[PDB]
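Going by the order they are written in, the chains are A, B, C, D, E, F, G, H, I, J, K and L; count residues from 1 in each one.
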Amino acid sequence: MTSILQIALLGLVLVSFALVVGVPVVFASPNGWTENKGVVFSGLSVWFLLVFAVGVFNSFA
Amino acid sequence: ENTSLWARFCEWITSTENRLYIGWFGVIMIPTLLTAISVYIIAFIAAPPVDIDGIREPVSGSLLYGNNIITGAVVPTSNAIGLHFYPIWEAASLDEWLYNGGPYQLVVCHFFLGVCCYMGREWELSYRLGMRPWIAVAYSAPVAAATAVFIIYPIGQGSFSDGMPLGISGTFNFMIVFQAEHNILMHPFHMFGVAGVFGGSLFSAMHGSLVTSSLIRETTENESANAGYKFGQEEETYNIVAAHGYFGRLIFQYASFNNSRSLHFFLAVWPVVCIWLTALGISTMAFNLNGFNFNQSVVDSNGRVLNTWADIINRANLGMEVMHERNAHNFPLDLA
Amino acid sequence: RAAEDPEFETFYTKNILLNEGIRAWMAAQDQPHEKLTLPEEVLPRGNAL
Amino acid sequence: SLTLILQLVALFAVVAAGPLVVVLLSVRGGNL
Amino acid sequence: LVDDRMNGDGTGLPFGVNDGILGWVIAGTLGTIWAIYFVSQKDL
Amino acid sequence: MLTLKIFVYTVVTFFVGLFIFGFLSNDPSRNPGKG
Amino acid sequence: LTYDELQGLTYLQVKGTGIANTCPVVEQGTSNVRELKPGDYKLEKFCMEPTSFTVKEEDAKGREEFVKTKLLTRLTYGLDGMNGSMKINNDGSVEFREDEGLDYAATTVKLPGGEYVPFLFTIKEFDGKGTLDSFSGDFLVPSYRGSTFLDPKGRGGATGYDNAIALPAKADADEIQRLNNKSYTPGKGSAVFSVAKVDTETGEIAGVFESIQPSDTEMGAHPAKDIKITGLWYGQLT
Amino acid sequence: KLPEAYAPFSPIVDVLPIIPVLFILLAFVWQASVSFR
Amino acid sequence: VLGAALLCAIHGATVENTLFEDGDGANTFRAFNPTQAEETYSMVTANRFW
Amino acid sequence: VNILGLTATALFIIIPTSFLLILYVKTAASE
Amino acid sequence: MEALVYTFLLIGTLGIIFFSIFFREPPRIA
Amino acid sequence: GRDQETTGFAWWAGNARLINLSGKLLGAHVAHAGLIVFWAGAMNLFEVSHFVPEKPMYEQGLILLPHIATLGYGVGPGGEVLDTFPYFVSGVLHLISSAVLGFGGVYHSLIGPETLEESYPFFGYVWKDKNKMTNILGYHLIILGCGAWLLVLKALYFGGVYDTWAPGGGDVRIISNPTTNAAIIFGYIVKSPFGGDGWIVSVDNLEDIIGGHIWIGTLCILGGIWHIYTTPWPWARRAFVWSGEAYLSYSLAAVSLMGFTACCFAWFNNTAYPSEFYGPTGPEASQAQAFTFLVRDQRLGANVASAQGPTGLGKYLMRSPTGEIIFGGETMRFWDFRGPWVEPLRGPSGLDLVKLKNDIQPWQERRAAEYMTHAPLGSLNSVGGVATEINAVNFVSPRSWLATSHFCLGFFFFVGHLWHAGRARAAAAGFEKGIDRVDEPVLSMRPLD
């Protein structure tokens, strides 16, 4: 159960690294924000999903 | 409409036509500074011996008690008082007010208020003259140092008896005791400060020599070169681009200040920021953060300590330390 | 005056004592050619500390 | 040490990531 | 006691006021300066 | 000795009130410039 | 202020007021004094607060007198919490013995003219013989400075140079009492204690006291001065 | 020490304090990249 | 040395707080062009102030 | 050195001040 | 006796400062 | 962004370019708050990773874990740490919150609206709309009042706060009946800052602390409502400057004041900064050394009431200038220290001799010895002891570090207030760029200066 916690937290680590390297790039890209709306929405959504998943799994681990 | 009494007083105070500007910061600066000046002069002339250490032995400090100008010093407040506010009215009489160090704490409080309002008055006159306002900021560095040595160090150490005594040999005493206790020499902030006065002197000599080396010929050999300048002229009185060329081929063509405003900004900012850093160094060492400690850093393969230059500095520090307060210690650790 | 009056100290006399402390505690390790193997009972100090 | 290696890879990954953003914005069009 | 003191060190008195005459004169001086500042208004 | 404290309190209060109401008396309008 | 409500006050209520330097004042009990029961007693918390400090001077026309001074130190003049034991007799004869406690308190005063008079106001080793209306005796007065004290030029008995090293040629002859010989000789005092307003219900006594004792002899540099201390006192029996 | 679940994440804990200093340095990097206009 | 550091700081501050306009821009360093025959700061204003 | 120092200080006050006063009065005479 | 001379020298410097402030050569502004 | 040509502001003053750009200004602020929350969380996680439980927290270089433990998290009686999990929770919550705040700041700085008034007039403001600016100020006072009442609630109903004055050596306590007396609360405010009084540093019980927090929370909420429902009066308009730089300078002066007072709190106070977490105060260490050597020289068969020092003033006990019994030596300068291991030994006359003789306690003597060996004197290499010591103790007190850094920040922020007060005044006046060169005010005045 701690193994699931570590897997989800490592996934959050990579997802946050991707958000750090991508969100300013997407935002300041010339007319790239409009066609990267789906990618940014999915990235922030999976980031929040991982955050609340790690939060729940901290109770079971 | 200018009829009312407050109007007359107010326009007199804010008047730029006075020989010395008074202003609203001046209505505080003038009385506090005359109070501190009067008490400092009377105390330097004839202050009775002041018990600095709290151990029932006073230090004389005044000329009428056999001191010359180098030795004479307004001795700090007693160690028994600590940071307690000790006005004249709090003491039983003027005489024991004097013996416990009242004149010092009075003069230091008034000097604090005087330099703070001197800074405010500098800003105020620049505002009334259409000037730019940051001469107060440049003056904040000697004010910072004055606060650091007269109030901030006593707050950090717990008594005004650790403040700088108002005198010459007393100042030297403050420096020696301070290095003994905190190792100011090996403190990076004091290194920046020393670099600040050395640089202030260096760039002062540099600026003065480059301007004097480029003054345009206007007078004869038998007249002062200063007579080539008249007050209020609009012409440039020296060859700025020629001085730039000289400086560039002397040190670095490209790393030379090609802007006079850049040169004067460096002139203003370098000693000011360095005196800020050394004033904050004194403040840091008020709260006992101290300088670099490299005592017995270097050791051999056996673990045997090799003395170093910092270790000779430390031996000098022990010499300084075992002499400050020769009779005031009852305990081995100097936590006071 | 300080010699003839055992109660008269100034910051000047304090500096003189500090200087003597510096000399005696610094000499042995600063001037090694003098081989100053001074015993610790003759080194001048204050109280406690 | 494994812990030391992870500390250095995290340090290099973070230190590279900032100028990586700036370089990617410098080569991917602009508006920087 | 061998002498008389105001013995107001410590104790945290409001504005260091040990007799109320000090508070009354602080109040009076600020009040009269505010009074002259107020009667000399509607100016400039 | 209390008398000296009363007089000094009057002095300090008077000068501090002078400072306060002097800055309250439309000081940012005493610029020499336009506006 | 009695011993009762003083202990009713906390440390924060007494700090900075000077109540702690003032001996308890008794309003209950009788000033009849003689109504204390005789016997062997063991006093605790012997307290003495001076109300005057005067010094014998030499008037230049030839008079000898005590003239009032100004206290240089703050409220550091009383002695509190001293133990002991005494014997009181039915015929009125008392002896007084004090052993422990804060039985000394350094105090500095100015004679007119701005001369400093330090002294060690002590009552230690007091053995007063007499009656209950007044009993007098002698007490030990230590020097002032310990042997480990360092003067302005170093020096001193235990720790010090014993010679003016500040000039490498003059270290003998006339300055014997400055460097060559140091004196820490303890002095002897004379005190007269009177008893008034005795409370025999709770076993406490009070009154006034008198004392003549030497001032700081320091190292032999100047002749000592003689201090006449007057004040009140307080003591609890058993 | 971190809880027993998060013990292997201590190395990436150890580098996180210096990140604001990296942020001010990154502001200077960006200004150098836009040629300090 | 102390008076020279004072002179350095006080001269720089005085020159930059008595600057003439030559502006149309909140940065003053670009109001200086070193091939000109006119002063940049008011020696009169500085003299009156000090 | 109690009276020799006094005459040394006295001459150091007088001679350069007198020289400077010569020169300044000479200048201020000629406008 | 030395203190007289020190006080003389100090208030002499103070008098020099007073005269240099309030009795200076005015700036001619021509 | 903008450049020198379009704004007149060089790169080294680039944030001034966004003085009048409300959306970008908001983005800069939100990203900055993300940095503050980020540092709080990241350093909290660093500390709990580098925390060691068999040592007290002042020996490991910790500045945030003491702050959390004063609220009553993970510590019990004696200040001993029982759980690092609440500290872990605070760290991770802050780090996630900083991710959200950093996204908000980056968004509003990069692709957010440039100016907010054309599309979002509620958040739209200009620096001269005093009504809108006082509305913003009022919203923030309600926010800060809710923060103060949040602390009040934590002390009253959510586990209480750590009380170092609790009997036994400090314990977490539910505060009941905080002081609501205005005289007691504002007597701290109008108190002198000198010795024995110390302004508001001398607050010594959580009763006063929580009562002042009730008071300040209610004033903040009331003043927030007042600022939302008012506008500054004409005297305030005639006295103040109404530029964004002026509001910045006012904030700079106030937070410089806060930094200086925070330095003095960390250095002197021991009830909001308990010594069990932060290490002893400056006075605490010296009084501790005197107290320890007093009890050792009682154990070695000697009377401490007697036995005057080398100056004859007392080796162990002496008289303060106000008459009470205090510890002898140079620590007499710290005679106004008040701590949990001296008050049970202090009577009306200061230190009581019979209580010092008989009513000693083992916890007090070990606390005093540990405070003696861990005094706030160290080097900036973290070399404990005075500057003459050996590289053998790796220790500098958190009180030293906090007071040091926050005095430095308070001073530099006072200097920034100077700079900005001057620049705001000269900008409202019109000569922030220099003299007119044709309408110079100095040439229009009389001669002789």
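List of remarks:
Here is the rule we go by: contacts are C-beta pairs under 8 Å (C-beta built on N, C-alpha and C of every residue); 3 or more make two chains touch, one makes a residue touch a chain.
Considering every other chain in turn, the ones in contact with both subunit F and subunit H prove to be L. When chain pairs are compared by their number of contacting C-beta pairs, B-L comes first.
With centres defined as mean CA coordinates, subunit J is found 43 Å away from subunit C. Separating the CA-averaged centres of subunit A and subunit K is a span of 76 Å. Centre-to-centre separation of subunit A and subunit F, using mean CA positions: 60 Å. Chain contacts: subunit C has residues 7-10, 17, 20, 44-47 touching two or more partner chains. In subunit E, the residues that reach two or more other chains under the touch definition are 3-11, 16, 37. Across the assembly, subunit J contributes no residue that touches 2 or more other chains. By the touch criterion given at the top, residues 3-4, 6-7, 10-11, 14-15, 18-19, 22-23, 26, 32 of subunit D touch subunit H in their complex.
Here subunit E touches subunit L in the complex through residues 7, 9-16, going by the rule given at the top. The part of subunit L that touches subunit K in the complex is made up of residues 447-449.
Note for the complex: subunit L touches subunit B at residues 192, 194-197, 263-264, 267, 282-283, 285-286, 289-290, 293, 309-313, 315-316, 320-321, 328-336, 372, 375-381, 383, 386-391, 396, 399-401, 403-404, 407-408, 411-412, 414-415, 418-419, 421-423, 425-426, 429, 431-432, 434-436, 440-442, 445-446, 448-449. Residue ranges on subunit H touching subunit L, taken from their complex, read 1-3, 6, 10, 13-14, 16-17, 19-20, 23, 31, 36-37.
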